[PDB]
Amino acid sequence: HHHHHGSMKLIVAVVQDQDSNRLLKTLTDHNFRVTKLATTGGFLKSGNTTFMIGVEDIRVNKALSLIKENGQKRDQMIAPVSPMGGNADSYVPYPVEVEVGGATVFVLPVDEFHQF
């Protein structure tokens, strides 16, 4: 049998808080419609921002190019086991550092789009 999807895509982009306001302004200035979700990174257990951007298929590439050009790689660290916290500040000799990328982006197919 046979199926298709609609003309809209749903972009889900996880970005760093430090890059969020910058991205949001660029997107809405370019007439993109955005919903923002306050999220937490699973590895760093720290706040980040997820943007949900429903876009016509013909504008997906422009949205992606704005997201790509917006962000910056940053180094962050995993928070040590915190029962003693007043010394964990003092510690970590070999910080578990990770590089956080500008954006992790999913472009999802959409069966139906409605504005009610």
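Start at 1 with the first residue shown and count on from there.
Look at the C-alpha B-factors of 6-14 and of 88-96. On average they run higher in 88-96.
If you average the C-alpha B-factors over 29-37 and over 76-84, the higher value belongs to 76-84. The PDB entry assigns residue 48 a C-alpha temperature factor belonging to the lowest third of its chain's modelled residues.
Among all modelled residues in its chain, residue 42 ranks in the middle third by Cα B-factor.
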